[PDB]
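Chemist: final35.pdb is the file, holding PDB, C-alpha atoms (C1' of nucleotides):
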```pdb
ATOM      1  CA  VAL A 158      35.588  81.764 135.370  1.00  0.00           C
ATOM      2  CA  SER A 159      32.658  79.672 136.636  1.00  0.00           C
ATOM      3  CA  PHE A 160      31.789  76.543 138.620  1.00  0.00           C
ATOM      4  CA  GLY A 161      32.627  74.173 135.776  1.00  0.00           C
ATOM      5  CA  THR A 162      31.871  70.467 136.025  1.00  0.00           C
ATOM      6  CA  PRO A 163      31.922  69.630 139.758  1.00  0.00           C
ATOM      7  CA  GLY A 164      31.482  65.862 139.519  1.00  0.00           C
ATOM      8  CA  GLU A 165      28.910  63.583 141.097  1.00  0.00           C
ATOM      9  CA  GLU A 166      30.614  63.443 144.539  1.00  0.00           C
ATOM     10  CA  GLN A 167      31.910  66.956 145.359  1.00  0.00           C
ATOM     11  CA  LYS A 168      30.695  70.352 146.569  1.00  0.00           C
ATOM     12  CA  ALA A 169      30.984  72.938 143.807  1.00  0.00           C
ATOM     13  CA  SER A 170      32.913  76.179 144.233  1.00  0.00           C
ATOM     14  CA  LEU A 171      34.470  79.023 142.268  1.00  0.00           C
ATOM     15  CA  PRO A 172      38.248  79.237 141.720  1.00  0.00           C
ATOM     16  CA  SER A 173      39.885  81.683 144.115  1.00  0.00           C
ATOM     17  CA  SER A 174      41.831  84.731 142.947  1.00  0.00           C
ATOM     18  CA  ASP A 175      45.109  82.992 143.804  1.00  0.00           C
ATOM     19  CA  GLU A 176      44.248  80.209 141.338  1.00  0.00           C
ATOM     20  CA  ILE A 177      43.600  82.591 138.429  1.00  0.00           C
ATOM     21  CA  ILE A 178      47.200  83.820 138.776  1.00  0.00           C
ATOM     22  CA  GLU A 179      48.525  80.262 138.445  1.00  0.00           C
ATOM     23  CA  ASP A 180      46.384  79.743 135.342  1.00  0.00           C
ATOM     24  CA  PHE A 181      47.672  82.920 133.675  1.00  0.00           C
ATOM     25  CA  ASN A 182      51.250  82.112 134.697  1.00  0.00           C
ATOM     26  CA  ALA A 183      51.066  78.823 132.780  1.00  0.00           C
ATOM     27  CA  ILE A 184      49.636  80.559 129.705  1.00  0.00           C
ATOM     28  CA  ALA A 185      52.540  83.004 129.375  1.00  0.00           C
ATOM     29  CA  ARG A 186      54.979  80.197 130.182  1.00  0.00           C
ATOM     30  CA  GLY A 187      53.455  78.183 127.338  1.00  0.00           C
ATOM     31  CA  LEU A 188      53.606  81.169 124.993  1.00  0.00           C
ATOM     32  CA  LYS A 189      57.311  81.710 125.697  1.00  0.00           C
ATOM     33  CA  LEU A 190      57.962  78.076 124.774  1.00  0.00           C
ATOM     34  CA  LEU A 191      56.315  78.682 121.393  1.00  0.00           C
ATOM     35  CA  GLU A 192      58.735  81.506 120.571  1.00  0.00           C
ATOM     36  CA  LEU A 193      61.558  78.940 120.716  1.00  0.00           C
ATOM     37  CA  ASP A 194      59.525  76.367 118.747  1.00  0.00           C
ATOM     38  CA  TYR A 195      58.045  76.617 115.283  1.00  0.00           C
ATOM     39  CA  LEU A 196      54.194  76.197 115.160  1.00  0.00           C
ATOM     40  CA  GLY A 197      53.714  73.445 112.601  1.00  0.00           C
ATOM     41  CA  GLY A 198      55.604  72.454 109.480  1.00  0.00           C
ATOM     42  CA  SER A 199      59.227  71.553 108.899  1.00  0.00           C
ATOM     43  CA  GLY A 200      60.557  73.680 111.738  1.00  0.00           C
ATOM     44  CA  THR A 201      63.926  71.991 112.218  1.00  0.00           C
ATOM     45  CA  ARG A 202      64.896  73.252 108.738  1.00  0.00           C
ATOM     46  CA  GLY A 203      64.034  76.882 109.465  1.00  0.00           C
ATOM     47  CA  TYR A 204      60.246  77.212 109.212  1.00  0.00           C
ATOM     48  CA  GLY A 205      57.660  78.968 111.312  1.00  0.00           C
ATOM     49  CA  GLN A 206      59.558  81.156 113.774  1.00  0.00           C
ATOM     50  CA  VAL A 207      56.877  83.278 115.416  1.00  0.00           C
ATOM     51  CA  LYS A 208      56.590  86.280 117.731  1.00  0.00           C
ATOM     52  CA  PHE A 209      53.936  87.694 120.078  1.00  0.00           C
ATOM     53  CA  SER A 210      53.280  91.383 120.702  1.00  0.00           C
ATOM     54  CA  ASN A 211      50.844  93.602 122.656  1.00  0.00           C
ATOM     55  CA  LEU A 212      49.315  90.958 124.916  1.00  0.00           C
ATOM     56  CA  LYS A 213      46.716  92.463 127.252  1.00  0.00           C
ATOM     57  CA  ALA A 214      43.696  91.214 129.187  1.00  0.00           C
ATOM     58  CA  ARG A 215      40.209  92.682 129.533  1.00  0.00           C
ATOM     59  CA  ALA A 216      36.975  91.953 131.423  1.00  0.00           C
ATOM     60  CA  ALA A 217      34.388  91.313 128.723  1.00  0.00           C
ATOM     61  CA  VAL A 218      31.538  90.128 130.983  1.00  0.00           C
ATOM     62  CA  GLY A 219      31.147  90.903 134.672  1.00  0.00           C
ATOM     63  CA  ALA A 220      33.365  92.749 137.114  1.00  0.00           C
ATOM     64  CA  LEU A 221      36.536  91.358 138.660  1.00  0.00           C
ATOM     65  CA  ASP A 222      37.721  91.397 142.272  1.00  0.00           C
ATOM     66  CA  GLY A 223      39.722  94.627 142.191  1.00  0.00           C
ATOM     67  CA  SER A 224      43.503  95.058 141.768  1.00  0.00           C
ATOM     68  CA  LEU A 225      43.420  91.687 139.988  1.00  0.00           C
ATOM     69  CA  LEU A 226      43.275  92.614 136.299  1.00  0.00           C
ATOM     70  CA  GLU A 227      46.481  94.653 136.604  1.00  0.00           C
ATOM     71  CA  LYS A 228      48.409  91.699 138.062  1.00  0.00           C
ATOM     72  CA  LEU A 229      47.095  89.438 135.312  1.00  0.00           C
ATOM     73  CA  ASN A 230      48.535  91.990 132.874  1.00  0.00           C
ATOM     74  CA  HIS A 231      51.899  91.566 134.624  1.00  0.00           C
ATOM     75  CA  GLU A 232      52.020  87.809 134.051  1.00  0.00           C
ATOM     76  CA  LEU A 233      51.446  88.515 130.347  1.00  0.00           C
ATOM     77  CA  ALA A 234      54.028  91.325 130.336  1.00  0.00           C
ATOM     78  CA  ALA A 235      56.858  88.792 129.974  1.00  0.00           C
ATOM     79  CA  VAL A 236      55.047  87.309 126.930  1.00  0.00           C
TER      80      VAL A 236
ATOM     81  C1'   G B   1     -81.009   8.491 127.724  1.00  0.00           C
ATOM     82  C1'   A B   2     -79.287   7.856 122.665  1.00  0.00           C
ATOM     83  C1'   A B   3     -78.348  13.301 118.707  1.00  0.00           C
ATOM     84  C1'   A B   4     -76.497  19.192 117.286  1.00  0.00           C
ATOM     85  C1'   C B   5     -67.599  23.376 117.755  1.00  0.00           C
ATOM     86  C1'   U B   6     -68.522  30.441 123.560  1.00  0.00           C
ATOM     87  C1'   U B   7     -67.589  29.636 117.372  1.00  0.00           C
ATOM     88  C1'   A B   8     -66.228  33.208 113.035  1.00  0.00           C
ATOM     89  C1'   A B   9     -63.020  37.551 111.872  1.00  0.00           C
ATOM     90  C1'   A B  10     -58.401  40.971 114.370  1.00  0.00           C
ATOM     91  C1'   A B  11     -50.103  42.770 113.067  1.00  0.00           C
ATOM     92  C1'   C B  12     -48.680  44.940 120.340  1.00  0.00           C
ATOM     93  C1'   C B  13     -48.692  48.784 115.850  1.00  0.00           C
ATOM     94  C1'   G B  14     -47.260  54.319 114.858  1.00  0.00           C
ATOM     95  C1'   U B  15     -43.352  58.621 116.025  1.00  0.00           C
ATOM     96  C1'   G B  16     -37.725  59.014 118.083  1.00  0.00           C
ATOM     97  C1'   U B  17     -29.446  60.698 115.982  1.00  0.00           C
ATOM     98  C1'   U B  18     -25.922  57.277 122.023  1.00  0.00           C
ATOM     99  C1'   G B  19     -26.064  63.064 121.014  1.00  0.00           C
ATOM    100  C1'   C B  20     -23.267  67.909 123.433  1.00  0.00           C
ATOM    101  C1'   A B  21     -17.918  70.578 125.649  1.00  0.00           C
ATOM    102  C1'   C B  22     -12.214  68.525 125.503  1.00  0.00           C
ATOM    103  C1'   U B  23      -4.555  70.433 121.838  1.00  0.00           C
ATOM    104  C1'   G B  24      -0.702  63.439 123.176  1.00  0.00           C
ATOM    105  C1'   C B  25       0.600  68.621 126.016  1.00  0.00           C
ATOM    106  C1'   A B  26       4.884  70.770 129.398  1.00  0.00           C
ATOM    107  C1'   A B  27      10.792  70.544 130.522  1.00  0.00           C
ATOM    108  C1'   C B  28      15.894  68.694 127.585  1.00  0.00           C
ATOM    109  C1'   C B  29      23.043  71.746 123.505  1.00  0.00           C
ATOM    110  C1'   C B  30      24.727  65.436 119.246  1.00  0.00           C
ATOM    111  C1'   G B  31      28.000  67.590 123.707  1.00  0.00           C
ATOM    112  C1'   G B  32      33.408  66.322 126.046  1.00  0.00           C
ATOM    113  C1'   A B  33      39.591  64.709 124.667  1.00  0.00           C
ATOM    114  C1'   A B  34      43.271  64.896 119.825  1.00  0.00           C
ATOM    115  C1'   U B  35      49.579  69.576 116.094  1.00  0.00           C
ATOM    116  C1'   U B  36      48.684  67.216 108.754  1.00  0.00           C
ATOM    117  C1'   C B  37      53.158  65.629 111.936  1.00  0.00           C
ATOM    118  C1'   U B  38      58.703  62.732 111.368  1.00  0.00           C
ATOM    119  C1'   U B  39      63.799  62.351 107.776  1.00  0.00           C
ATOM    120  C1'   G B  40      65.970  65.579 103.200  1.00  0.00           C
ATOM    121  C1'   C B  41      72.600  71.428 101.582  1.00  0.00           C
ATOM    122  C1'   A B  42      69.426  73.833  94.301  1.00  0.00           C
ATOM    123  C1'   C B  43      73.897  70.275  93.929  1.00  0.00           C
ATOM    124  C1'   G B  44      77.840  67.497  91.252  1.00  0.00           C
ATOM    125  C1'   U B  45      81.421  66.970  86.782  1.00  0.00           C
ATOM    126  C1'   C B  46      85.732  70.639  83.225  1.00  0.00           C
ATOM    127  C1'   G B  47      91.498  68.794  76.645  1.00  0.00           C
TER     128        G B  47
END
```
Give the structure from this file in structure tokens form.

Modeler:
Amino acid sequence: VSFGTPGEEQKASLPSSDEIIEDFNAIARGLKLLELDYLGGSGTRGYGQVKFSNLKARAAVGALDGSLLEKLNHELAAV
RNA sequence: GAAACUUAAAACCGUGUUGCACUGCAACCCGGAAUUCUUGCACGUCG
């Protein structure tokens, strides 16, 4: 979570706390699509069925906003 | 007046550092995007 690459004609800013929910919602939506798919190989002949378990988020560097880490753990609760 | 060289001999020479102090130095990601994937019954034949 940082400024990123702002571009030559823009005013740089940090992503709001509403935008971090929409990033984590697309991660767990893309991890539920992988449980129907097969992660490399033959796949259509029965290979590579995969499963996720115990997905949880932390804060490794720096503090968060407050009551935000627990609602990022709820987007990951449905895989 | 006609007749007898202010001539002869003598180095503008001897000694002496264009020498002493001084960083081609400070700042800079060989970095950003990309599924070793697509098709395939361990099966057929019996005086």

Chemist: Using only C-alpha atoms (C1' of nucleotides) and a cut-off of 12 Å, which residues of chain B sit close to chain A? Please list them as a PyMOL selection string.

Modeler: chain B and resi 32+35-41

Chemist: Just the residues within 12 Å of residue 160 in chain A, please, counting all atoms listed in the file, with nothing from its chain fewer than 2 positions along; format it as a list in words.

Modeler: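 Residues near the query, excluding close chain neighbours: residues 158, 162, 163, 164, 167, 168, 169, 170, 171, 172 and 173 of chain A.
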
Chemist: Go ahead and write the selection's residues with C-alpha atoms as a PDB file, in the coordinates of the input.

Modeler:
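Output file selection_7.pdb follows:
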```pdb
ATOM      1  CA  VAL A 158      35.588  81.764 135.370  1.00  0.00           C
ATOM      2  CA  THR A 162      31.871  70.467 136.025  1.00  0.00           C
ATOM      3  CA  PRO A 163      31.922  69.630 139.758  1.00  0.00           C
ATOM      4  CA  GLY A 164      31.482  65.862 139.519  1.00  0.00           C
ATOM      5  CA  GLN A 167      31.910  66.956 145.359  1.00  0.00           C
ATOM      6  CA  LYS A 168      30.695  70.352 146.569  1.00  0.00           C
ATOM      7  CA  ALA A 169      30.984  72.938 143.807  1.00  0.00           C
ATOM      8  CA  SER A 170      32.913  76.179 144.233  1.00  0.00           C
ATOM      9  CA  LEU A 171      34.470  79.023 142.268  1.00  0.00           C
ATOM     10  CA  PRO A 172      38.248  79.237 141.720  1.00  0.00           C
ATOM     11  CA  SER A 173      39.885  81.683 144.115  1.00  0.00           C
TER      12      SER A 173
END
```

Chemist: Just the number, please: distance in Å from CA of residue 232 in chain A to CA of residue 182 in chain A, one decimal.

Modeler: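 Computing it gives 5.8 Å between the two atoms.
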
Chemist: Could you check the closest approach to residue 224 in chain A for each of A:166, A:203, A:174, A:161 and tell me which residue wins, using only C-alpha atoms?

Modeler: A:174

Chemist: Please indicate the distance in Å from CA of residue 204 in chain A to CA of residue 189 in chain A, rounded to one decimal place.

Modeler: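 CA of residue 189 in chain A lies 17.3 Å from CA of residue 204 in chain A.
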
Chemist: Can you measure CA of residue 176 in chain A to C1' of residue 31 in chain B for me? One decimal in Å is fine.

Modeler: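 The value is 27.1 Å.
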
Chemist: When the PyMOL selection byres ((chain A and resi 209-215) around 7) is applied to the structure above, which residues does it catch, written out as a list in words?

Modeler: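 Written out, the selection comes to residues 208, 216, 217, 230, 233 and 236 of chain A.
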
Chemist: Listed atoms of range 16-33 of chain B, axis-aligned box, 6 Å per side: centre and edge lengths to one decimal in Å, as JSON?

Modeler:
```
{"center_x": 0.9, "center_y": 64.5, "center_z": 123.3, "size_x": 89.3, "size_y": 26.5, "size_z": 26.5}
```

Chemist: For a quick check of understanding, using only C-alpha atoms, which of A:229, A:234, A:201, A:218 has the smallest distance to residue 188 in chain A?

Modeler: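 Of the candidates, the smallest distance to residue 188 in chain A is held by A:234.
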